[PDB]
Amino acid sequence: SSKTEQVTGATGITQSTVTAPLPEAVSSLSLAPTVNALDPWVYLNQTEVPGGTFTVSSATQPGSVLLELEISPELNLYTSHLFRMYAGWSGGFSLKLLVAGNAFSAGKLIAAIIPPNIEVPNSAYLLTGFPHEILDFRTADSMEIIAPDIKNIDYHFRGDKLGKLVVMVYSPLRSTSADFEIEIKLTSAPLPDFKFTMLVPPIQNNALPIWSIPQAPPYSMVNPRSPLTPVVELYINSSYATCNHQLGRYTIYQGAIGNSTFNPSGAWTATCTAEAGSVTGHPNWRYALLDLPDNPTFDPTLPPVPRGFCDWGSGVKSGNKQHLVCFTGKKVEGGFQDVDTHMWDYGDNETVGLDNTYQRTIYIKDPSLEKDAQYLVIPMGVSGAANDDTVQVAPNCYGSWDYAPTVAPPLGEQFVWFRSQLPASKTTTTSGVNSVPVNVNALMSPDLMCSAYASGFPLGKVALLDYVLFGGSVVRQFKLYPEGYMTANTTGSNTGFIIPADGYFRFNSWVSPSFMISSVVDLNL
Amino acid sequence: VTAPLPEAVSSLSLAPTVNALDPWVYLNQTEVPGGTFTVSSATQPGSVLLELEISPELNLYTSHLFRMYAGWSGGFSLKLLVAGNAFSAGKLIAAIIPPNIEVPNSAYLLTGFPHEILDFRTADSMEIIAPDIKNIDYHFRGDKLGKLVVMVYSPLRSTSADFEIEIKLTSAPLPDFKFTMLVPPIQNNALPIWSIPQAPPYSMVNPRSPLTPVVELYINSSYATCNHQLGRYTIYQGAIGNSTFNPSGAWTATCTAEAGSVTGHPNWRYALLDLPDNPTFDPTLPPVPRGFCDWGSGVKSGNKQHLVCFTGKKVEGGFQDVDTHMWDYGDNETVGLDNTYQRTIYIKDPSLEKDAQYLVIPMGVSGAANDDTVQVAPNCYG
Amino acid sequence: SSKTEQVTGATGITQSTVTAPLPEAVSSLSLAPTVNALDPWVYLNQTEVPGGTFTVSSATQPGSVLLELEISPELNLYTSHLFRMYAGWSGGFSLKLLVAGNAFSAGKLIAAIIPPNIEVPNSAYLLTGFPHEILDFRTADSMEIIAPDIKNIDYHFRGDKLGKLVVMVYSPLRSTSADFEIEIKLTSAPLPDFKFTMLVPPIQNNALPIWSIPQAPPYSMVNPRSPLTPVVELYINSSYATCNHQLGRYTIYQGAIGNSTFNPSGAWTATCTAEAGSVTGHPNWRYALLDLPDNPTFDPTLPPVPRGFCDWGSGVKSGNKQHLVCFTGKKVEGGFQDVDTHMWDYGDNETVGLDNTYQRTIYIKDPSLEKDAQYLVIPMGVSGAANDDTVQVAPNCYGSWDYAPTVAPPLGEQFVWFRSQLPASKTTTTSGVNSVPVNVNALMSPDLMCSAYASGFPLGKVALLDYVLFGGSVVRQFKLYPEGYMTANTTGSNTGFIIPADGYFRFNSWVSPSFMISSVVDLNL
Amino acid sequence: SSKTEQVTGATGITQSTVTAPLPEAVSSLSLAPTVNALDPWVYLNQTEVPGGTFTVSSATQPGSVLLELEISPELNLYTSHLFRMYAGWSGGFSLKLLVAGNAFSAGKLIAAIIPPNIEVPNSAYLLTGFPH
């Protein structure tokens with residue numbers, strides 16, 4: 001059906017259509033042990049879909065996929081909430097597009113329905129082979145699509161493959177103004193034939209339509225990489241700072257990926273079996289070896305380092321020019337007789353010819369080191385190193401090791417880093433070492449991620465959330481990926497930008513990984 | 001016409017008396033007090049443009065009548081007046097939120113409430129019904145009420161020159177609106193019209209200089225913030241830090257402190273400001289007198305801009321000397337802190353006894369930048 | 001109505017009755033904007049009530065209240081889950097008692113319905129004035145009570161006061177066997193007249209009927225009191241170890257109560273403005289003062305210590321005989337020149353005549369301390385002190401301070417403590433201090449409580465949860481209070497008992513604070 | 001009543017309305033010694049009012065009063081001329097606004113009727129309380 005209206009002033013019209021490019025199959029539910037009805041008011045409540053919205057500009061090419069949504073109870077808030085109580089479901093959905101159009105100049109949209117186990121093409125030409133509808137920007141207000149439930153079974157259990165709706169640009173947008181854009185918004189509600197089947201206790205790990213984040217300012221989150229210095233600032237660096245293998249790597253697949261843990265307090269202490277021998281070059285250095293509790297010394301599959309023991313990094317050409325710092329002490333009955341400051345390398349002096357690695361082979365400036373003795377390691381900071389670049393060195397998984405992979409931000413976006421400051425251990429000694437002030441940056445801390453590790457994440461959607469700080473009102477929108485990096489869209493120069501650390505994170509909506517943020521952080525300073 | 005939620009009519013059977021309205025108060029072209037807002041290309045999506053409680057305050061006449069009454073029951077009929085144009089596109093969302101439910105801060109969540117999507121092309125005379133949601137027979141005052149919320153669903157864009165859209169809202173009560181229990185009109189329900197007596201600014205007092213008359217008004221683009229304590233007021237008091245309704249009497253104070261001096265100058269004697277009330281110096285009440293000048297900023301001693309004032313040694317209430325003297329506001333330099341109100345004052349006079357009380361009357365600055373420097377007041381402690 | 005059956009063997013009967021000691025009022029819902037129906041299968045699903053069960057023994061006196069449940073949607077799993085989506089409700093519930101009776105010897109039960117805003121008496125004599133039913137242990141199988149919704153409004157919003165059901169012993173139980181007991185179990189389902197009113201988005205902080213706890217072994221939780229030593233053991237001490245004011249105090253009312261925080265890493269560092277003067281007794285000691293960031297130095301309402309800076313305790317008569325340890329260093333431009341070991345008291349030497357306090361006044365063994373100098377404090381351990389008793393000293397809120405209160409376990413139950421071990425800083429010096437190995441115990445760590453800080457807790461119910469460790473199967477049941485202490489029922493001697501720290505917490509049920517655990521930990525060692 | 005037309009080229013419409021935000025009272029003239037009729041062609045001759053016109057620009061603020069005309073025989077040329085010959089009068093008038101509008105972009109006008117001995121406000125917000 002169709003319906004046309006005259007706009008105010010009579011300078012155009014707007015259309016509102018209902019279409020069924022129909023598979024159109026209804027199940028009798030003969031094998032369902034019980035058929036569970038719904039509140040009649042759920043069928044009359046059209047809610048925004050997680051995955052919408054998207055914007056169309058003059059630079060948007062045809063053939064690029066703008067939406068890809070599975071037909072399931074997750075399209076509506078109340079069916080998503082209700083579904084946690086049930087075992088199966090059956091029925092189609094009503095999908096409504098809302099086009100903020102005008103008699104701009106021109107352009108067309110195409111929406112198509114795709115059956116399960118069929119690849120989605122990247123051509124507007126091929127989408128016309130599917131059941132579809134076409135729409136014009138000069139007259140489009142709302143298109144309602146009767147999306148069917150395509151299945152070869154009478155009702156669903158969790159884990160099936162489902163049909164999809166795909167939206168694409170059919171003809172490019174045009175207008176006199178270069179800033180004119182068209183925003184598409186999608187809402188959904190179940191069709192009257194929708195039903196649930198079997199009542200079961202709700203799931204505690206339910207992937208819910210709304211994620212609630214308790215008030216916890218960033219400065220309270222501390223710290224996978226420097227767990228002795230409070231977080232006080234948020235950072236935005238624009239030096240192509242793609243994160244190599246670091247600590248604090250958390251994803252909602254595993255918990256902690258790599259040699260990371262949910263208890264990083266201090267700077268995790270480890271010990272070494274300090275055998276030694278001949279050393280060329282430096283005369284004061286001894287080549288010790290690192291022990292591995294909970295990990296066998298002779299298995300490449302597990303990491304050859306204690307869990308939580310990671311960067312401060314090393315391995316640069318100046319690896320022997322720049323030395324790390326540790327509280328070192330010899331092991332004796334009941335504890336450690338003394339705890340002193342010594343220069344440690346944790347690098348690639350002679351034996352490996354490696355880069356920033358994760359041995360299993362650590363070098364020290366101590367000449368007093370003896371073979372038959374265990375020693376303590378509590379890293380503190382740096383000594384003689386540069387700033388802001390030699391802490392974020394680039395290690396990775398070498399050999400047959402399987403660590404966290406290297407990640408980069410998407411084009412047009414940059415990371416945001418939790419930042420802390422390290423004071424300098426300045427000392428006047430006949431024996432002892434100095435230090436240098438340093439800035440330390442870390443990825444998402446487990447205090448905020450652990451909530452996501454429990455609440456859940458819709459599949460294929462990235463969380464969009466705000467950052468509300470001291471009065472007056474100022475909110476910055478970031479995107480929290482399941483892979484565990486929070487990013488922001490930026491414009492301007494490549495300035496290193498500092499953001500406060502007093503504000504609560506607030507969930508806003510579920511968005512696709514490719515979603516342009518309107519709230520940009522103009523890097524001008 | 002759209003009714004996102006049905007309006008359940010209540011038979012006021014528990015009401016001691018049912019008071020009827022003038023039948024002509026049901027003319028629906030009276031503006032809604034506060035029901036005005038504009039949209040531009042800069043307005044962000046999800047921004048809240050209007051949040052009105054559904055009460056007799058939605059109409060000019062019910063707001064006047066409600067001062068005579070103790071109770072009320074009924075809903076309202078709203079109408080949208082959109083001064084749109086031919087080149088613009090965008091959408092708004094209007095939602096009804098029940099009494100004891102929080103307003104979300106996402107348009108994604110606002111779609112969970114009963115709502116209507118409004119397009120700028122076809123929304124110039126749309127009618128919305130605002131219902132009365134309650135579990136009681138009628139309302140008293142101090143209740144928790146439902147709300148109407150309007151937000152930007154899709155931002156405003158134009159195919160031509162940029163244009164703003166000003167939107168106004170008019171209302172009239174539904175036929176089931178009623179009042180209850182006549183009471184004298186000195187109640188709450190602030191009046192919908194404020195009558196201001198004609199008093200030019202030159203006839204007003206300057207709380208930060210109550211001896212020089214106001215001469216003009218001015219606007220400065222650099223002054224993006226104000227942190228003053230003197231001369232600040234509020235209607236939803238509450239209170240304001242150290243601001244009086246009698247600024248002239250606020251500008252006299254006394255001081256006293258024992259021997260002492262600043263490091264580089266043995267000519268700057270300490271002095272602790274006395275309180276109009278009495279100590280303890282509790283960290284819950286202002287440390288300085290309720291009346292005091294904020295003529296200072298983050299200045300540091302040493303070739304420094306300073307403050308000028310009168311001083312005089314108290315003499316049994318009798319005769320005391322008075323002469324212009326210098327004065328700096330606190331040793332903020334010696335504490336690693338910016339200039340703040342809790343620092344003890346200094347007076348550039350070695351001739352001062354240590355057990356005496358000295359008067360203070362701020363009147364100017366010396367060797368200092370003009371307004372740009374006294375515009376920024378000292379800091380606080382929290 | 002009533003129904004009687006003959007038991008197998010014909011040595012008795014069992015009764016099953018339905019009764020309505022009835023208020024019996026039904027609402028027309030005339031003022032509800034919309035009436036929201038329910039799935040018809042929810043009315044036919046009787047689920048256990050959170051708050052049941054309870055056991056009756058020969059030692060149970062009449063007049064003691066065994067159950068006290070409000071009539072609300074929280075009695076059933078599916079109405080509790082559904083209610084998060086709605087604004088109001090209206091209707092009564094069906095409550096079913098299940099008595100595991102026999103022709104034991106004798107005894108009777110009484111169940112009564114109580115209107116809102118009426119106090120519950122502690123006499124079986126007075127409960128007979130309320131509408132009630134009486135029941136006999138020789139023939140009772142199930143009693144179904146039609147509990148009405150007593151209200152003066154047409155439908156409810158969250159926050160009202162509700163009617164109650166109270167169960168009590170009317171005549172004491174008797175039998176030949178001294179071990180015979182009767183277990184009462186309660187289930188509920190809504191009556192057909194039950195309805196919801198208005199659809200609203202679900203609450204992210206919803207108090208849900210099921211709490212899901214992600215797998216996180218105790219050793220990963222570390223540590224409000226010693227955040228540099230991994231948790232490796234669980235402890236049960238029976239020396240009347242009622243916890244005085246400690247750190248790691250978390251409740252689901254506030255988050256962290258007292259000067260506790262969700263980021264306790266390291267051993268929170270603080271600094272002191274080390275003024276000094278004359279000191280009697282010790283000639284090497286100087287009386288320094290503690291600074292307070294984020295807290296004014298001149299306000300009793302806030303604590304006079306940095307947040308997170310707390311015990312190691314002090315203040316005992318041997319407070320000057322037993323000294324604490326800290327990494328101390330003087331403050332200079334860019335950091336600290338040196339970081340050394342010094343003996344610190346943090347006690348009541350001369351100036352206070354206090355006990356373990358939380359000044360604002362700290363004493364050191366350093367003679368080199370100078371007035372115009374900031375110094376660092378990183379507590380490590382003890383020196384010259386006893387073990388297992390001088391770390392759990394008894395401080396509290398003195399003066400006008402408002403800190404966390406002192407708590408004790410209920411009669412018959414004892415605390416369970418997260419425990420860690422501190423190595424000894426042994427050193428051979430001409431200047432420097434030694435240490436002693438110590439055991440450190442802490443209350444609930446924020447890693448596991450933070451889940452409860454988000455999921456929610458039914459009001460008046462304490463969580464009962466298990467502890468599943470390495471194979472083969474061994475599970476220990478503990479009770480997690482909202483006040484933030486986990487306790488276990490114990491029998492036997494007062495042995496200090498050690499439990500492993502490798503096992504995931506598993507939620508079991510909601511129980512009342514007075515609930516005897518059947519899985520006891522017999523302290524025999 | 002209302003009436004709508006399509007402009008030449010069909011790029012807009014124009015409206016012509018008749019409205020009575022009505023007090024609407026008619027006198028029987030029972031105490032008039034004689035009732036004096038008018039030429040029937042005077043009722044069919046719409047003449048410009050002295051006091052019109054006025055122009056609206058982008059700089060014109062709401063709340064400023066642009067017209068204020070008393071309802072009397074002076075609104076029409078022929079009743080103004082005739083009235084010099086008479087002692088009294090009774091009856092209402094038809095007032096017609098002519099707007100030289102276009103689909104320019106936007107804007108609105110408000111016209112209100114005000115009874116005698118009532119002050120005219122300086123707010124567009126308050127004019128909505130009058131019939132308009």
Side-chain angles (χ1 to χ4, degrees), chain B residues 206-212 227-231 241-244 247-276 279 281 286-315 320-381:
Chain B
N206 194 308
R208 273 162 60 92
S209 175
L211 259 171
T212 76
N227 63 333
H228 307 140
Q229 300 277 313
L230 208 79
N242 267 20
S243 63
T244 51
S248 79
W251 267 38
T252 285
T254 56
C255 38
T256 180
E258 300 308 309
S261 79
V262 192
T263 52
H265 307 253
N267 270 4
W268 296 0
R269 290 286 281 99
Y270 279 50
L272 271 80
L273 279 157
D274 292 356
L275 314 184
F281 275 53
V288 278
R290 174 130 283 264
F292 85 106
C293 92
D294 311 315
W295 293 1
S297 198
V299 183
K300 278 209 186 191
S301 66
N303 191 257
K304 78 150 152 198
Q305 44 165 348
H306 39 252
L307 230 45
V308 185
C309 56
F310 284 95
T311 75
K313 202 195 76 107
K314 213 197 157 160
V315 168
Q320 51 183 0
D321 262 338
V322 164
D323 71 290
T324 35
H325 274 301
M326 257 208 209
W327 148 41
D328 64 73
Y329 200 90
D331 47 4
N332 69 298
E333 54 258 3
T334 69
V335 285
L337 321 171
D338 286 288
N339 203 263
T340 166
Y341 306 102
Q342 198 142 315
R343 313 304 307 134
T344 76
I345 60 151
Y346 296 153
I347 301 171
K348 193 163 171 256
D349 199 13
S351 71
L352 317 175
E353 200 170 326
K354 40 169 172 95
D355 296 27
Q357 302 161 37
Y358 279 92
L359 185 71
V360 181
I361 302 174
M363 23 63 66
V365 291
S366 155
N370 53 260
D371 38 22
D372 260 336
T373 192
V374 310
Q375 183 61 18
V376 191
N379 295 120
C380 281
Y381 279 64

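Each chain gets a letter, A, B and so on, in the order its sequence line appears, and its residues count up from 1. What's counted below: heavy atoms across the whole structure, side chains too, no hydrogens, waters or symmetry copies.
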Any side-chain heavy-atom pair of B:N242 and B:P286 under 4.5 Å
yes
With B:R343 as partner, the option from B:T334, B:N332, B:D331 fulfilling side-chain hydrogen bond (donor to acceptor under 3.5 Å, both in side chains) is B:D331
Heavy-atom side-chain contact between B:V308 and B:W327 under 4.5 Å
no
Would you say the side-chain atoms of B:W295 pair up with the backbone N or O of B:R208, donor to acceptor, closer than 3.5 Å?
yes
For B:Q305 against B:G367, the heavy-atom pair lying closest together:
CB-O, 3.3 Å
I'd like to know whether B:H325 forms a side chain to side chain donor-acceptor pair (under 3.5 Å) with B:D349, so could you lay out the CA-CA distance, the side-chain angles of the two residues, the decisive distance to 0.1 Å, and finally the verdict.
CA-CA 7 Å; B:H325 274 301; B:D349 199 13; 3.2 Å; yes
Test side-chain contact (heavy atoms from CB on, under 4.5 Å) applied to B:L273 and B:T344, step by step:
CA-CA 7 Å; B:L273 279 157; B:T344 76; over 6 Å; no
Where does the angle between the aromatic ring planes of B:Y270 and B:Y346 fall among parallel (under 30°), tilted (30 to 60°) and perpendicular (over 60°)?
tilted
d(B:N379 CG, B:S297 OG) to nearest 0.5 Å is 8.0 Å
Partners meeting side-chain contact (heavy atoms from CB on, under 4.5 Å) with B:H306 (sequence neighbours left out)
B:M326, B:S366
Of all heavy-atom pairs between B:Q320 and B:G312, which one has the smallest distance, and what is that distance?
OE1-O, 3.7 Å
Assess whether a salt bridge exists between B:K304 and B:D328, defined as any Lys/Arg side-chain N lying under 4.0 Å from an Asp/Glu carboxylate O.
yes
Give, for atom CZ of B:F310 and atom CG of B:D323, the distance between the pair rounded to the nearest 0.5 Å.
8.5 Å
Interatomic distance, B:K354 atom NZ to B:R269 atom CZ [nearest 0.5 angstrom]:
9.0 Å
Donor-acceptor under 3.5 Å (B:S243 side chain, B:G231 main chain)
no
Going from CD on B:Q229 to SG on B:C293, what distance comes out if it is rounded to the nearest 0.5 angstrom?
12.5 Å
I need the full list of side chain to side chain donor-acceptor pair (under 3.5 Å) pairs touching residues 252-267 of chain B, with sequence neighbours left out, sorted by first then second residue.
B:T254-B:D274
Spacing of B:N339 atom CG and B:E333 atom CD [to the nearest 0.5 Å]:
8.5 Å
About how many Å separate CG of B:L359 and CG of B:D321, when rounded to the nearest 0.5 Å?
12.0 Å
Between B:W251 and B:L230, the two heavy atoms sitting closest are NE1-CD2, 3.6 Å
Please confirm whether the backbone N or O of B:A377 pairs with a side-chain atom of B:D294, one donor and one acceptor, at under 3.5 Å?
no
Run the numbers on B:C255 and B:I345 for side-chain contact (heavy atoms from CB on, under 4.5 Å), then give the verdict.
CA-CA 8 Å; B:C255 38; B:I345 60 151; 4.2 Å; yes
Ring centroid separation for B:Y341 and B:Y381, is it under 6.0 angstrom?
no
Work out which heavy atom in B:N227 is nearest to a heavy atom in B:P378; give both atom names and the distance.
ND2-O, 3.7 Å
Would you check, one step at a time, whether the test side-chain contact (heavy atoms from CB on, under 4.5 Å) holds for B:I347 with B:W268?
CA-CA 5 Å; B:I347 301 171; B:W268 296 0; over 6 Å; no
Assess the residue pair B:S248 and B:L211 against the criterion (side-chain contact (heavy atoms from CB on, under 4.5 Å)); give the C-alpha distance rounded to whole Å, side-chain angles, the decisive distance to 0.1 Å, and a yes or no.
CA-CA 8 Å; B:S248 79; B:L211 259 171; over 6 Å; no
Any idea which heavy atoms bring B:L275 and B:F281 closest together, and the distance?
CD1-CE1, 4.3 Å
